[PDB]
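So this one's two forms of a single chain, laid out as structure tokens and tagged structure 1 and structure 2.
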Structure 1
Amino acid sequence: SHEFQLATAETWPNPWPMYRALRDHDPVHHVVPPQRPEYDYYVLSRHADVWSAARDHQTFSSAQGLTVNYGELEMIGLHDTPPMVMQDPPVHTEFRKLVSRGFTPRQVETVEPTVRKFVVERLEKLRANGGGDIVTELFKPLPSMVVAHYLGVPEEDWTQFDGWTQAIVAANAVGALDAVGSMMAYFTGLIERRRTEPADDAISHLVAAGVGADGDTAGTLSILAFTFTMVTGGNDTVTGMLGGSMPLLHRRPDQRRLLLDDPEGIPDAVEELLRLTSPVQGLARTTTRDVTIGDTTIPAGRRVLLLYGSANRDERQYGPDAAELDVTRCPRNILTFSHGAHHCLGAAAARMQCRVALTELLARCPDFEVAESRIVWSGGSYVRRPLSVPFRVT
């Protein structure tokens, strides 16, 4: 189909033709669901429009939620302590300033050796076995460890924390009461501990800055909400980047050759893989005013889907070859991590995971096979990530 529809597990394999039809024939596309026309919304598919809209938080607000479902906030129960990703400036600004103290080059650097050691252990296990499911074995557990690091979870607690993570990621994707309860409970204790034993992580930084101090329960709640944002934001996305890169690399031995011969080209290659996988394929905003983009006026009060995945594939920005892998492309202004106020805090951490995984795949498992038709994609309309990528090595 070339007709717009929110993605499902069955339609994630190849949304690209549908994106191209939108970019070419209806860049400001009005969706009116036949069964509930009251839930109409708009879709932005071009790079220029998505880039500008992401930046313009004034006009395009995050404060009513990030899906095209108008009942979202009440449906999930996120009105009273909205996560930072559903806050507009100025509310968003102070908390983002404080938490950013846990997202410096230091925090990416300190976990890199742990990432590499884990990637190596799992890839060697897969190699010895002639392959296996690289998602369950590596691409799923890896990002959970990195989120744990950023939350200052002691290494000894990583296995327990991963249990909760996986339940929440599954429930969030498209149902995790024990996990959401156990986690919010665990973090209550960790926050308390960080009052007297602060480290360099984001939770320690929030506590040290006085968030939740002197009976400010709302502050403590904001820290807890941040842990949920981290778990829901830093896991399935990374798995989508890592798993989604596999067929792209497999089908382009010329591109693998470039990186085998020049491993120093791997950071640039990571940008290209991020552009093409765009794990967050789209997120919504709500218009605060009527806004005209080209020949269409979007009314105030409607949801607008920013199709990062299409923006990243826009021939107007990247050329007629936008749909193809070119590891030397050095794409700029990618929308994989959005743009503006909410630009992904974990961008450096995601880039580091991609770099280490790609480096070790080429070094340890260079003769590998992926069957694209055997990939199983997760349900859910916003994030594109595989549940399984069968993987064979010789």
Structure 2
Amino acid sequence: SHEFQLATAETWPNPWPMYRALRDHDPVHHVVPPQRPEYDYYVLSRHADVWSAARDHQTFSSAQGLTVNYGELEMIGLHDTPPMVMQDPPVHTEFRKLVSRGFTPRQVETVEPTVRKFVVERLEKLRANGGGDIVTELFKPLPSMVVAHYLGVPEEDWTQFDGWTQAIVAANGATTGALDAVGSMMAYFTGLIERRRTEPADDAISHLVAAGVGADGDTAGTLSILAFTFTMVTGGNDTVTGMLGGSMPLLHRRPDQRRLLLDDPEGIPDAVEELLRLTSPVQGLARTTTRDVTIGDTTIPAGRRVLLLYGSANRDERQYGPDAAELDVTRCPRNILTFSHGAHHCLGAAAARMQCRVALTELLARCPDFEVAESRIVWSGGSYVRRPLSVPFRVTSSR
């Protein structure tokens, strides 16, 4: 297929061939914006290369940015960039230590029931109409509760909070309700932060406040806690949506794979893994070299940005065999990059996995013969996170 090109809503449907293209012919692809040559960068597509890069945080930095956009830490450009910039060990270690305290196994169990309740409520509402938009009806609002949960947002506010969430996530002058939501969200948290100073819980934010972040005047601290929550509200929400929605077409395309999980629900957890591999909600993130580095026969100059195609890595035939491109709920894939590897390995991987499990389990139980109108599926914009905005669902069984 075509050569590298950052993804758009139009290209998100089948980026797989471009990946194969790169993997089979330009493992270390050099991109040179024809107009702005000073912003050239590289793209890694082979599982092996992407894997090493992600892990070797010493050579491939994060604190410079996570996208191929050099103006990332400035003002112009942004739009498609994480709200917060992550540091590298040792600097990053304090943070990871503290925030991981709000990301324990109890955190998952404590909110799983809520997840299932909602999943079942919406699933049955859809069985009522014998169809609908499973993304709009379930996979979009679903993650918001988990994110609110991890952020330490009290139930009374859940209603209000989800409001703001949905206004912002919708961003991509309809986005005016967005600037508004952000402000609202903004003030809310400075409040919640205040509340936590003396009424701490065990949510990530409580552990940062309790640890002193944004304490006695420390403005920069408070600001970063905010940057964190907004990064969670935005990304933590639609990465899960991307997984759930993105899984629909994969399953639809193969009822035999669906049948396996039907006669034996035990395969679901493993299936979630295979689904995670193929969907790769976070298709790719970039790094900045901290010294001239040589991969294969290409030598990426220091200071250059390199995009790690996690999505291509999870589909690399070299790592997963000939059928890498196909769905195999029994595959039990090892070394997937869906959550990356190394210092920043996703803290909510078990939260996402739980959500996928509950969702897929309930779905397969109540809508054993669902169908997806692929052709009518809509993909969100952005070049890094691959999620669907709309997924025409329809249980070939009603009432």
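Rigid core here is just the name for the largest C-alpha set that superposes within 1.5 Å across the two forms. Counting starts at 1 with the first residue of structure 1 and goes up one by one along its sequence.
With the rigid core aligned between structure 1 and structure 2, the listed residues 258, 111, 221, 248 include just one Cα displaced by at least 2 Å, namely that of 221. After superposing the rigid core, the C-alpha of residue 84 moves by 2 Å or more between structure 1 and structure 2.
Relative to the superposed rigid core, residue 307 undergoes a CA displacement smaller than 2 Å between structure 1 and structure 2. Put the two forms on the same core and the Cα of residue 269 is off by less than 2 Å between structure 1 and structure 2. Aligning the rigid core leaves the CA of residue 159 displaced by 2.2 Å between structure 1 and structure 2. For residue 148, the displacement of the CA atom between structure 1 and structure 2, after superposition on the rigid core, amounts to 0.4 Å.
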